[PDB]
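Keeping their order, the protein sequence lines are chains A and B. Just so we're aligned, residue 989 is where the first sequence starts under the authors' numbering, counting upward by one. Just so we're aligned, residue 23 is where the second sequence starts under the authors' numbering, counting upward by one. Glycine included, every Cβ here is placed at the ideal spot set by N, Cα and C. To start, the structure under review is shown below, and the notes come after it.
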Amino acid sequence: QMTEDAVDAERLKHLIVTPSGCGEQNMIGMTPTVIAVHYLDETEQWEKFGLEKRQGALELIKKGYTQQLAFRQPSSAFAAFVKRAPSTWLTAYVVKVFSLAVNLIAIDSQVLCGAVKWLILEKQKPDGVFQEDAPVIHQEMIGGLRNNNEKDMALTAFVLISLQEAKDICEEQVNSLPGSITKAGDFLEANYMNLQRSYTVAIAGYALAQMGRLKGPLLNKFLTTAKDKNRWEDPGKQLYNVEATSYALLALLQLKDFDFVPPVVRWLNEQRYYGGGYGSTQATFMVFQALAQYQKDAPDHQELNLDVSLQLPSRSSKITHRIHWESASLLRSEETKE
Amino acid sequence: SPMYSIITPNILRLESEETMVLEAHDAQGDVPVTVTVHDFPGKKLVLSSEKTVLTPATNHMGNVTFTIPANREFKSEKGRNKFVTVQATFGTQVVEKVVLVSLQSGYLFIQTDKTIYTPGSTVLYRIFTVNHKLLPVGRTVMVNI
């Protein structure tokens, strides 16, 4: 049951994109390259792709990292320009890229914790609500948050996700982070029944599925909004629904549930989305986080062990035998003369 | 302009004495090199690290000998192959090569005291544990009959 198909290494050659431009266009130049090297070194598919090209992305994302700190505001904030007003979404998505990028090369950590302290100190109400003032020039990377009925739910769920994977590095640096996490979770557990768009149910199910509680009605409403038990589909663009199914598969992988994962897996495999294009930044990041987490959790560290102990009245001891998935001791033979 | 070149074997052998040839064609003065072999998909841990200067007395050629260890449980995963990344910093200019590693630490030669054995008798057998250079080493072997 370990075996499943993955995205083929010759299919995803078109996401090596050189970053250039302003504070948003260079983020467009970052995101499919960063998620391409992350998915390719989680799948270990370098052999049928080219090993030396791995080195090329290792400077190409640094081509953004020498740029984006120029577009960092001096208030530990991120905007499209140095005179542009900062965005909650752009700072959250900068942290979402950069905390995913430290697993291969990390340079500086005070930018990440300073930006996390910026969204805690400036954009977090005591109700648990993150609000967007919207200074973002391009609406292409915003995704399903753009043109959504419940914008505050999906926005605060996205910023809770963006705070939450950077928690394990900025735990010591930022101490007010789990209080804002608890406030956002207490907002998210209130109006979960009041959602009618499955993108919002998917992103709130991932934001409440991560290291905390979700109730029986919460998990039941997250399960029952899956149309045909495999997709989280809404009227609108298909990339928003692809991002919703990717957040749903991340939610189902986080809760250690392996029964609802494979229909979403075959629905994502039949969609044949290889990334790239216009307005595709959110979709491309979350599809390869979804199957990168699947290729992390597809053996799920099963490691089948039978601790079979045979006890004999002939001898004075019971002999145990630990049959593991390790092939050093698969089968053993015991000889008895009595 | 000087050209900095590294020459290593095509596959590398875990817990074996591997050698790299480190040259600086058309260079001037002492060129201090530091080689570092890390793991390939992670690059978050140093498997081995050595330093060697390059003098013009040898026309800027040296050779760096290490023994890359078989620890950190990268051999426990049997899926596909395993690679290491060798970065040789010639001064401030790095060169980089990804070399395959082979799970091999020498040869074992089993000699039995006969060729055909009567049932009820005793098989006496020696195991000769040699390295890649055909020299004695002390390792731990699993024997199955």
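**OP:** Verify whether the separation of the beta carbon atoms of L1048 of chain A and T1006 of chain A is less than 8 angstroms.
**Re:** Contact flag set, yes.
**OP:** Indicate whether at least one CB of chain A lies closer than 8 angstroms to the CB of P63 of chain B.
**Re:** yes
**OP:** Kindly identify the DSSP beta-bridge partner or partners of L1294 of chain A.
**Re:** A:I1311
Original post:
Quick one: Cα of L1241 of chain A to Cα of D1247 of chain A, how far?
Top reply: 10 angstroms
**OP:** Report yes or no: is there a C-beta of chain A within less than 8 angstroms of the C-beta of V120 of chain B?
**Re:** yes
Original post:
Of all the CB atoms in chain A, is at least one closer than 8 angstroms to the CB of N103 of chain B?
Top reply: yes
**OP:** Name, please, each residue of chain B whose Cβ falls closer than 7 angstroms to the Cβ of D1029 of chain A.
**Re:** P63
Original post:
In terms of residue numbering, what span does the beta strand (DSSP E) encompassing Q109 of chain B cover?
Top reply: 104 to 112
Original post:
Are the C-beta atoms of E1040 of chain A and some chain B residue less than 8 angstroms apart?
Top reply: Yes, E1040 of chain A lies at the interface with chain B (some Cβ there is under 8 angstroms from its Cβ).
**OP:** Flag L1319 of chain A as yes if its beta-carbon sits less than 8 angstroms from any beta-carbon of chain B, otherwise no.
**Re:** no
Original post:
Looking at the structure shown, is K1105 of chain A part of a helix, part of a strand, or coil, going by DSSP?
Top reply: helix
Subject >> Length of the line joining the Cα atoms of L125 of chain B and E45 of chain B >> reply: 29 angstroms
Original post:
Is it buried or exposed for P63 of chain B, if we count other Cβ within 10 angstroms and need 16 for buried?
Top reply: Answer is buried; the Cβ neighbour count reaches 16.
Original post:
Looking only at C-alpha atoms, which of B:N153, B:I33, B:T58, B:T87 sits nearest to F112 of chain B?
Top reply: B:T58
**OP:** Kindly list, in the order they appear in chain B, the residues whose Cβ is closer than 8 angstroms to that of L1292 of chain A.
**Re:** The contacting residues do not exist; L1292 of chain A stays about 15 angstroms from chain B at best.
Original post:
Which residues, in order along the region 1088 to 1114 of chain A, keep a beta-carbon less than 7 angstroms from a beta-carbon of chain B?
Top reply: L1092
**OP:** Check the DSSP bridge columns for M42 of chain B and list the partner residues they point to.
**Re:** B:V86
**OP:** Please determine if the region 1223 to 1242 of chain A and the region 1179 to 1187 of chain A are in contact, where contact requires at least 3 C-beta pairs separated by less than 8 angstroms.
**Re:** yes
Subject >> Nearest to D1121 of chain A (by Cα), restricted to the options A:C1101, A:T1079, A:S1087, A:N1137 >> reply: Each of A:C1101, A:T1079, A:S1087, A:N1137 was checked against the Cα of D1121 of chain A, and the nearest Cα belongs to A:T1079.
Original post:
Helix, strand or coil: how does DSSP classify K73 of chain B here?
Top reply: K73 of chain B falls in the strand class under three-state DSSP.
Original post:
What does a CB cutoff of less than 6 angstroms around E118 of chain B pick up in its chain, not counting 5 residues either side in sequence?
Top reply: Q109
Original post:
beta strand (DSSP E) containing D1115 of chain A: first to last residue?
Top reply: Counting along the chain, no beta strand (DSSP E) covers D1115 of chain A, and no H or E run does either.
Original post:
What are the start and end residues of the alpha helix (DSSP H) that includes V1249 of chain A?
Top reply: 1249 to 1259
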